[PDB]
Each structure stands twice: as C-alpha cells, then as structure tokens.
Ligand SMILES: [Zn+2]
Ligand SMILES: [Zn+2]
Ligand SMILES: [Zn+2]
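Protein chains in written order, with our numbering: chain A, 3 to 116; chain B, 55 to 110; chain C, 1263 to 1295; chain D, 9 to 172.
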C-alpha cells in the first residue's frame, strides 16, 4: 500500500498496465524507470478503523512527573513500579482499557482479559 | 483541573461534592459550585429576553 | 536566588500542584500523589 | 435440456470427487436424477429461482467445512426432502449454527434502547391513583430567588404533578 519512489529520481510512482504481458509496471512519470508490482493491490479505502490508542510513546515517558503511579507489576520483569495511563486515541466511543508502561522491562501491557 | 494526577474518573477527580455546607468545603468543590451557579445565571439572563420576545 | 517562580496561564499541564504546604508532604472538623 | 444435463453433470462431479467413491455409480446417478427431478418440481426450468436453490445445495456440498455432508447425503437424507427443507442456515455446520444464534441474540439485545429507570419512594402521594410510588426527580428551573422545584411523578400509573 506504500508509495514507492523512483530510485533515480524521488518522485511519486504511478501504476500503469502492460499492454500485452499483463503485468502492473510502476513506470516513473518523470524518468523512464519502470518496475513490476509485487501484488495486484493498488488502491485501498478502509472506511472503518479503530486504531490509535497506543502509540506516541517516548523512551522516557516516566521522566515526566505528572503521570500517576501504581503498584501492579510488569509481567516480564516483576518489578512493582509502573506508569499507567489511558488511551491515546480520543473518539466518542473509545474504551476505558488502560495501558501500563514500566521502566525496568520498558514494556507496554494492558489489563484486558476477554 | 491541573491539580490532580492524570486520567482519573474518581468522585474526587470529576468532583462529586463530598462534604456538607457546615463542615466546609475544599477549594475544588468551591470552584465546581461556582461553575454550576454561573451556568444557572447565564441561562436565566438569555432566556428572559427570548421569552419576552415570544410573549409579545 | 530562585525560591518563587512565575508560571503563566499556559504551563500548568507540565506541573502537579499541592493545595496545602503539608497536604501529602509527609509520606470532627471537615474532610480533606 | 441444457439445465437437466448440466446439473446432472454437476452431481456426477460432486459425487465422483468424494472420498466416498462411487462403485454404485448407477445408484448415485439414480440419486442424481432423483435430485434433479425433485429440483425441477419447484420450477421445471421455468422460474428464475431454480439456480438459487441449486447454488445453495451445490456450494453446501462443496463447502468443506463440512465434508461430512457428502457422507450423510450419500447414506441418507433424501433429495426430495431437500428442496422443501430450505435448511441452509440449519446445516453445514453446527459450530457456525451456534455462532449465528449468538449473533442473533447480540443483535436483538443491541437493538433495544434507552430505559432510564426512575427511582421511587413512598414520601408523597399520587393524584390519579393516590399511591406512594412516586417516581420523584429533582432539578432547578427558575431564577436565583428560590431553591429547586420539587418535581413529582407517580410511577404506579403515570401521574405527573408538582409540589409547591
Ligand atoms: Zn524516475
Ligand atoms: Zn517486566
Ligand atoms: Zn399514581
């Protein structure tokens, strides 16, 4: 789904079809470089998504003082310290699942058990 | 409010009022009380002009 | 010599605030990280 | 005779392809001609709905999940029954079945709406039925010169009123 660029000249590659050999050949519209396509997938709309609750993590989230602290442990390092905080996505239907990030194992883990 | 830790829905956090009048308040409850009162005052001061127009 | 510090209307979201000088600083009338 | 040869060849293919081999190939083409002659009894190749029931039974056979439909259709479960069944949800398989009833239960629950429950007490008395099942609720309406309204409603019958 990614947007490849011509290695000779960093420009947006477009799909165009072979006339007789029946293959998608990503030809550059700037220069004459051409490349066959790995998959017949071209375009993808994705009208439904549920993604974005997790990321935005820096390696020193716990360096900020404002995050609360708890005593549930990381289930890799067993250290009782932690940093917990809710979803990083905000829709009007995002969940009350929580995200728990530790400093010792430096790992993200949740509290869902379904 | 900037005075609690992050991401809480406790009755203190959103600010359910614990105390009665007589023992006093905490400043957070004082602030929320002022919020609800000010909402009552602004809705009254707009609705009086609108109801006067529609009555006339 | 740096004992008080001006903080504007915009900064406070990097800052936790205490109500009292001993509200939780050590580790009937009324009710009170 | 295009349909009555094509569906017969289809049943030739989907019965020879089975692990249940046809040494009783005359029995199996008897089963196929019985299947097709009850299949036409809905339509006689004169109704557009002929191909739909054929597609249902055909891809139920070629489904896999399940392959056991071939064994039960060769060892029983007769073909004039399986026009009048229309049991496409009911067969092939039962885990997908119990999935569908869980889905239907979930949808029937989620299509229900808002049911705010109106906590009651016996403090006041109704006007219509004069019962102390007051669905009371409290809120402020007027200006600053007064407290709340003391809104009232009876839940035993539906009678709304107000206290002064
Ligand atoms: Zn190029
Ligand atoms: Zn760990
Ligand atoms: Zn009543």
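Ideal Cβ placement from N, Cα and C applies to all residues, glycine included.
- request: Consult DSSP for residue 160 of chain D and reduce its assignment to one of helix, strand or coil.
  value: Taking the fourth chain and counting its residues from 1, the one referred to as residue 160 of chain D is at position 152. Of the three classes helix, strand and coil, the one that applies to residue 160 of chain D here is strand, per DSSP.
field: Short Cβ contact (9 Å threshold) for residue 53 of chain A with residue 85 of chain A
entry: Translated into positions along the first chain, residue 53 of chain A becomes position 51. Translated into positions along the first chain, residue 85 of chain A becomes position 83. Cβ distance not < 9 Å, so residue 53 of chain A and residue 85 of chain A don't count as in contact.
task: Would you please verify whether the beta carbon of residue 98 of chain B is less than 9 Å from any beta carbon of chain D?
output: By 1-based counting over the second chain, the position of residue 98 of chain B is 44. Judged by the 9 Å Cβ criterion, residue 98 of chain B is in contact with chain D.
field: Integer-rounded CB distance, given that residue 163 of chain D should sit under 8 Å from residue 140 of chain D
entry: As a working mapping, residue 140 of chain D is identified with position 132 in the fourth chain. As a working mapping, residue 163 of chain D is identified with position 155 in the fourth chain. About 10 Å; that fails the 8 Å criterion.
- request: For chain D, find out if any of its Cβ atoms is closer than 9 Å to the Cβ of residue 94 of chain B; answer yes or no.
  value: Translated into the one-based positions of the second chain, residue 94 of chain B becomes position 40. For residue 94 of chain B, the closest Cβ of chain D is nearer than 9 Å.
message: Between residue 30 of chain A and residue 15 of chain A, how many whole angstroms is the CB-CB distance? I'm expecting something under 8 Å.
response: The residue you call residue 30 of chain A lines up with position 28 of the first chain. The residue you call residue 15 of chain A lines up with position 13 of the first chain. The Cβ separation is near 6 Å, so the contact holds.
query: Taking Cβ positions only, does residue 1286 of chain C come closer than 9 Å to chain B?
result: For the purposes of this step, residue 1286 of chain C is taken as residue 24 along the third chain, with counting starting at 1. It does not; no Cβ of chain B falls within 9 Å.
field: chain B contact residues for residue 87 of chain A, given Cβ-Cβ distances below 8 Å
entry: Your numbering for residue 87 of chain A matches position 85 in the first chain. Per Cβ cutoff of 8 Å: 60 and 61.
is_contact[residue 106 of chain D, chain B] using C-beta, thresh 9 Å: On the fourth chain, position 98 is the one that residue 106 of chain D refers to. No, its Cβ sits nowhere closer than 9 Å to a Cβ of chain B.
Within chain A, partners of residue 1278 of chain C - CB distance below 7 Å: In the third chain, residue 1278 of chain C corresponds to position 16, counting from 1. Correct list: 67 and 68.
Simplified DSSP state of residue 143 of chain D, which is helix, strand or coil: In the fourth chain, residue 143 of chain D corresponds to position 135, counting from 1. Looking at residue 143 of chain D - three-state DSSP - the assignment turns out to be strand.
message: If contact is defined by three or more beta carbon pairs under 8 Å, each pair taking one atom from either stretch, is the region 96-105 of chain D in contact with the region 122-133 of chain D?
response: no
task: Tell me, to the nearest whole angstrom, how far the beta carbon of residue 27 of chain A is from that of residue 37 of chain A; I am working on the premise that it is less than 8 Å.
output: Translated into positions along the first chain, residue 27 of chain A becomes position 25. Translated into positions along the first chain, residue 37 of chain A becomes position 35. Confirmed, about 7 Å.
- prompt: What is the DSSP secondary structure of residue 63 of chain A, counted as helix, strand or coil?
  reply: What you label residue 63 of chain A is simply residue 61 of the first chain in a count that begins at 1. Helix.
message: Between residue 148 of chain D and residue 161 of chain D, how many whole angstroms is the CB-CB distance? I'm expecting something under 8 Å.
response: Looking up residue 148 of chain D in the fourth chain gives position 140. Looking up residue 161 of chain D in the fourth chain gives position 153. Their Cβ separation, rounded to whole angstroms, is 17 Å, which puts residue 148 of chain D and residue 161 of chain D out of contact at 8 Å.
- request: Give me the Cα-Cα distance between residue 89 of chain A and residue 82 of chain A, rounded to the nearest whole angstrom.
  value: Here residue 89 of chain A refers to the residue found at position 87 of the first chain. Here residue 82 of chain A refers to the residue found at position 80 of the first chain. Rounded to the nearest angstrom, the two C-alpha atoms are 22 Å apart.
- prompt: If you drop the 5 nearest sequence neighbours on each side, which residues of the same chain put their C-beta closer than 7 Å to that of residue 67 of chain A?
  reply: Taking the first chain and counting its residues from 1, one reaches residue 67 of chain A at position 65. Hits under 7 Å: none found.
message: Quick check: what's the CA-CA separation for residue 64 of chain B versus residue 151 of chain D?
response: As a working note, residue 64 of chain B is residue 10 in the second chain. As a working note, residue 151 of chain D is residue 143 in the fourth chain. Those two C-alpha atoms are separated by around 32 Å.
query: Buried or exposed: residue 15 of chain D, going by 16 or more other Cβ atoms within 10 Å of its Cβ?
result: Translated into the one-based positions of the fourth chain, residue 15 of chain D becomes position 7. Answer is buried; the Cβ neighbour count reaches 16.
query: From the beta carbon of residue 74 of chain A, is the nearest beta carbon of chain C less than 9 Å away?
result: Taking the first chain and counting its residues from 1, the one referred to as residue 74 of chain A is at position 72. So no, residue 74 of chain A is outside the interface.
- request: Assign residue 2 of chain A to one of two classes, buried (16 or more other C-beta atoms within 10 Å of its C-beta) or exposed (fewer than that).
  value: One cannot answer for residue 2 of chain A here, as it falls past the ends of chain A, which runs 3 to 116.
query: With a cut-off of 9 Å, does the C-beta of residue 127 of chain D fall near any C-beta of chain B?
result: Within the fourth chain, the letter at position 119 stands for residue 127 of chain D. Chain B contact via Cβ: absent.
query: Using a Cβ-Cβ distance under 9 Å, would residue 119 of chain D count as near chain B?
result: Residue 119 of chain D sits at position 111 when you count from the first residue of the fourth chain. So, not an interface residue.
field: Assigned secondary structure, residue 101 of chain B (DSSP; H/G/I helix, E/B strand, else coil)
entry: Within the second chain, residue 101 of chain B is the residue found at index 47, counting from 1. Here residue 101 of chain B sits in helix by DSSP.
message: Let me confirm a value: residue 86 of chain D is counted as buried when at least 16 other C-beta atoms fall within 10 Å, else exposed. Which label applies?
response: Here residue 86 of chain D corresponds to residue number 78 of the fourth chain, with the count starting at 1. Residue 86 of chain D comes out exposed.
field: residue 81 of chain D: first and last residue of the uninterrupted beta strand (DSSP E) it sits in
entry: Walking along the fourth chain from the start, residue 81 of chain D turns up at place 73. Element bounds for residue 81 of chain D: not the beta strand (DSSP E) but the alpha helix (DSSP H), 76-82.
query: Okay, do the region 78-94 of chain D and the region 40-53 of chain D touch, 3+ Cβ pairs below 8 Å being the bar?
result: yes
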